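**Student:** Residue numbers (UniProt numbering): 658 to 706.
Sharing a structure with you now.
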Amino acid sequence: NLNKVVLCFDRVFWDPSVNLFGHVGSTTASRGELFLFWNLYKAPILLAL
DNA sequence: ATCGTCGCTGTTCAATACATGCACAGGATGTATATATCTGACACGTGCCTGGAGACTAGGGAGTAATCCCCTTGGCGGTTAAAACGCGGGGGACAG
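The following block contains the structure:
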């Protein structure tokens with residue numbers, strides 16, 4: 658089981674040259690909670706994991 | 001213009017393959033050993049005789065004491081060459 662969270666924005670507000678950046682969790686039980694987003698489509702969209 | 005993306009490259013980092021130093025099984029060649037076997041050289045027994053043993057003598061070689069003096073030890077001192085100590089360095093030893 659895994660899931661994805663789509664975030665459609667109206668303007669670029671990250672680093673365009675970076676396709677993905679990680680976010681560590683505070684605890685071990687929630688390590689797989691929103692740990693990585695993605696950028697690789699035309700529209701400014703982030704894909705949470 | 002203005003931003004993003006797509007063709008063209010280098011530079012570094014990591015992964016892999018090769019080369020070099022080291023130990024440990026593996027065989028084969030010789031040595032040691034196990035065994036069977038047959039031999040002739042050693043040990044003994046016998047028989048025979050020459051060299052060792054016994055008994056005696058005579059005689060001189062050696063042991064023994066008594067005397068001699070030569071040779072060896074010993075102490076002393078005086079110049080004196082030889083031994084001893086030290087220095088410096090060179091060539092001979094010894095290892096790679």
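In this text, a Cβ means the ideal position worked out from N, Cα and C, and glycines have one as well.
Grouping DSSP H, G and I as helix and E and B as strand, with all else coil, what is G679?
**Tutor:** What you label residue 679 is simply residue 22 of the first sequence in a count that begins at 1. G679: strand per DSSP, three-state reduction.
**Student:** Assuming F678 and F694 are in contact, meaning their beta carbons sit under 8 Å apart, how far apart are those beta carbons, in whole angstroms?
**Tutor:** Reading the first sequence from its first residue, position 21 is the one you call residue 678. Reading the first sequence from its first residue, position 37 is the one you call residue 694. With a Cβ gap of about 6 Å, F678 and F694 count as contacting.
**Student:** What residue does the beta strand (DSSP E) around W695 start on, and which one ends it?
**Tutor:** Position 38 of the first sequence, counting from 1, holds the residue named residue 695. Element bounds for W695: 693-695.
**Student:** Opposite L704 in the DSSP bridges: which residues?
**Tutor:** Indexing the first sequence from 1 puts residue 704 at position 47. The partner list for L704 (beta bridge, DSSP) reads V663.
**Student:** Going by C-alpha distance, which of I702, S674, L706, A700 is nearest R688?
**Tutor:** As a first step, residue 688 must be located in the first sequence, where it is residue number 31. Among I702, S674, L706, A700, the Cα nearest to that of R688 belongs to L706.
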